[PDB]
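One structure below.
Protein chains in written order, with the deposited numbering: chain L, 753 to 795; chain K, 13 to 22, 28 to 43, 63 to 93, 105 to 199; chain r, 3 to 133; chain s, 102 to 134; chain E, 58 to 356.
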């Protein structure tokens, strides 16, 4: 009964951390492309 | 706080040492007096060891004690034998009604205990997938960010 | 079938109307005079509030070797032995539960500090890979 | 309180086992890079 | 409930759900665009009038204020979803406009393809084509990436083509269809593009700055094309977990984007199915077909 109540709250916090951790990783992916895209502009 | 039990199939001795290192860092009256003394000392108070032995030729009293209790005894065995085994087996039936009630509660607890664990299982499998999704995406960036820089 | 105070099999069971629980009359009558409330739920309860219940009566077969002699000497002696050595052993069990409580909460808080210390460690190690 | 603690203690203990191995993975990764 | 909608006198070719999930838009061979209440009693209100050709494709802008309509009369109309008044006519292509897409996020843009083999980029404020990509084969389906930098075009050459707005070059070619591509669509993430083709293959392709280089990410099966040669369109679920594509065998096919198992094969239609759409919030499917009826399946 107790294990259910303390666990159920910990998972949102586990996920929400990884969710924000994923958001930052997407930004580095989102910019690194643009520098590659700008290789074609100089050509 | 979060540690998935059902999902984590793959350290206790290791983690115990790290937890150990953080621990290296950090109403009754007179009745109760004689009862606690009797239990502590491990000695029961002596009763009347007199009536059973006695001796022929103070003992006139001790003799007359044995008669009245023996007559009370033989009257106390008469009213038992009159009913006999009917009074005993009537109480034996009561003990079976008392027993079965306990094992019904053993089942009711068994069902709700497995029912709580059953709900937890789904939660573990829900998120463990979502964590698997996150890690795959994590590894993709990790190499993606490299392959972007290698070409630049 | 039992009393919810002593752990008896009651001779005159009586039920309280605030919390449905059967007690033996003597033991519930004593609690109301000590402090007028229900022992389990701590709700307001009086002697008139109680309701006596009826059942087919309880039967104990008095042993075959039953006389005034063993009942005075051997049986009564064993009863005050069994009361004495149990509650003393029960007081020993309550003392260890409080000691083993302290080892639980300390080891718990010791683990909290490890997690807090490792929460700063992990995300900054992941951040360094991002940088 | 004893039961809820011991369960939650060894539960919170598994947080460390997980955390330690991830922390470790971050080291050789960054080191070798 | 299922809910059955009726009213279109001719084949329905396309249907969409309003971005806010309050209304549906549908149109086909009749030349009328019907609006419907998603809830209530599923009532029909405004009819958009003014297309002389048949309506080949509807889209909403991301705001749900503008509805775009490619017609066979070579005109792409822009419609006001609120009043039902026509806004603009993109007169430009020399032949039938087969399909159109409106760029989400960025300043208003529209892409079209037609039977003249060209793909055109429109700024709704100019009343003139901005760029033209002469292909060589008739173009059937076209969509923008989320960055509004690239144009993705599907034709009858079995090859999905990606165009760069700045370079104006054939950036990418995707091989993997054995026959004509009839319907394209981007994932809500920008991550994946969904294609239907005569070869009866549904293929997902992943478009990324850093690409594996042979992006046949997944293949699904079940979806049949036949002698009607109807254009077939496919849609992503709001969360990218489900894939629906219409077929000519009277069944709506819905697959699991990962395991690729058929989640649903749904009947009720008498003829070929032309488009399947997902409600943006709730698991509701609008299936449009040539039998002139729509269903509101709930999952």
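We put the CB at the ideal spot given by N, CA and C, even for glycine.
What are the boundary residues of the alpha helix (DSSP H) that includes residue i?
i, result
"residue 195 (chain K)", "133-198"
"residue 278 (chain E)", "Segment: none, residue 278 (chain E) is in no alpha helix (DSSP H) and carries neither H nor E."
"residue 764 (chain L)", "754-789"
"residue 128 (chain K)", "125-130"
"residue 204 (chain E)", "Segment: none, residue 204 (chain E) is in no alpha helix (DSSP H) and carries neither H nor E."
"residue 39 (chain K)", "29-42"
"residue 66 (chain K)", "66-76"
My assumption, with CB atoms under 8 Å, is that residue i sits in contact with residue j. Please give the rounded CB distance.
i, j, result
"residue 70 (chain E)", "residue 133 (chain E)", "About 15 Å separates the two Cβ atoms, so there is no contact after all."
"residue 155 (chain E)", "residue 174 (chain E)", "Not confirmed; about 11 Å, so no contact."
"residue 114 (chain s)", "residue 113 (chain r)", "6 Å"
"residue 25 (chain r)", "residue 7 (chain r)", "6 Å"
"residue 105 (chain E)", "residue 81 (chain E)", "Between residue 81 (chain E) and residue 105 (chain E) the Cβ distance is about 13 Å, and since that is not below 8 Å, they are no contact."
"residue 344 (chain E)", "residue 330 (chain E)", "6 Å"
"residue 107 (chain E)", "residue 162 (chain E)", "Contact flag wrong, Cβ pair sits at about 28 Å."
"residue 136 (chain E)", "residue 124 (chain E)", "4 Å"
"residue 288 (chain E)", "residue 239 (chain E)", "5 Å"
Over the uninterrupted beta strand (DSSP E) stretch that includes residue i, give me the two end residues.
i, result
"residue 91 (chain r)", "Taken as a continuous stretch (DSSP letters only), residue 91 (chain r) belongs to no beta strand (DSSP E), being part of the alpha helix (DSSP H) at 76-132."
"residue 113 (chain E)", "112-117"
"residue 37 (chain r)", "Per DSSP, residue 37 (chain r) belongs to no beta strand (DSSP E) and is neither H nor E."
"residue 243 (chain E)", "238-243"
"residue 335 (chain E)", "330-335"
"residue 142 (chain E)", "Note, residue 142 (chain E): premise wrong, no beta strand (DSSP E); not H, not E."
"residue 125 (chain E)", "123-128"
"residue 82 (chain E)", "80-85"
"residue 283 (chain E)", "Where residue 283 (chain E) is concerned, there is no enclosing beta strand (DSSP E), given that its DSSP letter is neither H nor E."
"residue 260 (chain E)", "259-263"
"residue 159 (chain E)", "154-159"
"residue 16 (chain r)", "15-17"
"residue 229 (chain E)", "227-231"
"residue 353 (chain E)", "350-355"
"residue 74 (chain E)", "69-74"
"residue 51 (chain r)", "That residue, residue 51 (chain r), is in no beta strand (DSSP E); it is neither H nor E in DSSP."
"residue 101 (chain E)", "101-105"
By the 10 Å Cβ neighbour count, where 16 or more other Cβ atoms means buried, how is residue i classified, buried or exposed?
i, result
"residue 95 (chain K)", "There are no coordinates for residue 95 (chain K) in this structure, because the numbering of chain K runs from 93 directly to 105."
"residue 14 (chain K)", "buried"
"residue 107 (chain K)", "exposed"
"residue 300 (chain E)", "buried"
"residue 41 (chain r)", "buried"
"residue 131 (chain K)", "exposed"
"residue 90 (chain K)", "exposed"
"residue 31 (chain E)", "Beyond the ends of chain E as shown, which are 58 and 356, falls residue 31 (chain E); an answer cannot be given."
"residue 128 (chain K)", "exposed"
"residue 37 (chain r)", "exposed"
"residue 211 (chain E)", "buried"
"residue 318 (chain E)", "exposed"
"residue 182 (chain K)", "exposed"
"residue 150 (chain K)", "exposed"
"residue 201 (chain E)", "buried"
"residue 342 (chain E)", "buried"
"residue 59 (chain r)", "exposed"
Does the ligand FAD have even one heavy atom less than 6 Å from the beta-carbon of residue i?
i, result
"residue 95 (chain E)", "Ligands displayed in this structure: none; no statement on the ligand FAD is therefore possible."
Should the stretch 68-77 of chain r be regarded as contacting the stretch 114-133 of chain K, the criterion being three or more beta carbon pairs within less than 8 Å? The stretch 68-77 of chain r makes contact with the stretch 114-133 of chain K: 3 or more CB pairs, one atom from each, lie closer than 8 Å.
Can you pull out the residues from the stretch 774-786 of chain L whose beta carbon lies closer than 9 Å to at least one beta carbon of chain E? 781, 782, 784, 785 and 786
Flag this pair as touching only if the stretch 773-792 of chain L and the stretch 258-277 of chain E have three or more C-beta atom pairs under 8 Å; answer yes or no. yes
For the 8 Å Cβ check, are there 3 or more pairs between the stretch 241-261 of chain E and the stretch 222-229 of chain E? no
Can at least three beta-carbon pairs, one atom from the stretch 77-89 of chain E and one from the stretch 124-132 of chain s, be found at a separation below 8 Å? Under the 8 Å Cβ criterion, the stretch 77-89 of chain E does not count as touching the stretch 124-132 of chain s, having fewer than three qualifying pairs.
Any C-beta of chain r within less than 8 Å: which residues of the stretch 109-120 of chain s qualify? 109, 110, 113, 114, 116, 117 and 120
Members of the stretch 107-132 of chain K near chain r, C-beta cut-off 7 Å: 116, 119, 120, 123 and 127
Touch check for the stretch 85-100 of chain r and the stretch 151-166 of chain K: three-plus C-beta pairs under 8 Å? Inter-segment contact for the stretch 85-100 of chain r and the stretch 151-166 of chain K is absent: fewer than three beta-carbon pairs are separated by less than 8 Å.
Taking contact to mean at least 3 C-beta pairs separated by less than 8 Å, is the stretch 95-110 of chain r in contact with the stretch 141-150 of chain K? no
The stretch 166-191 of chain K: positions lying closer than 7 Å to chain L by Cβ: 166, 167, 170, 174, 177, 178, 181, 184, 185, 188 and 191
Which residues, in order along the stretch 263-277 of chain E, keep a beta-carbon less than 9 Å from a beta-carbon of chain L? 265, 266 and 267
Select from the stretch 131-148 of chain K all residues with a C-beta closer than 7 Å to any C-beta belonging to chain L, and list them in chain order. none
Report the residues of the stretch 30-43 of chain K with a CB closer than 9 Å to any CB of chain E, ordered along the chain. none
If we count Cβ pairs, one from each stretch, closer than 8 Å, do we get three or more for the stretch 275-282 of chain E versus the stretch 298-313 of chain E? Under the Cβ criterion (8 Å, minimum of three pairs), the stretch 275-282 of chain E counts as touching the stretch 298-313 of chain E.
Are the stretch 175-189 of chain K and the stretch 764-783 of chain L in contact at 8 Å, needing three or more beta carbon pairs? A contact between stretches requires three or more CB pairs, one per stretch, nearer than 8 Å, and the stretch 175-189 of chain K meets this requirement with the stretch 764-783 of chain L.
Residues from the stretch 218-238 of chain E in contact with chain L, defined by Cβ distance under 8 Å: Under the 8 Å Cβ criterion, the stretch 218-238 of chain E contributes 221, 223 and 224.
What are the residues of the stretch 753-770 of chain L that lie near chain s, defined by any Cβ-Cβ distance shorter than 7 Å? 754, 755 and 758
Select from the stretch 49-67 of chain r all residues with a C-beta closer than 8 Å to any C-beta belonging to chain K, and list them in chain order. 60, 61, 62, 63, 64 and 66
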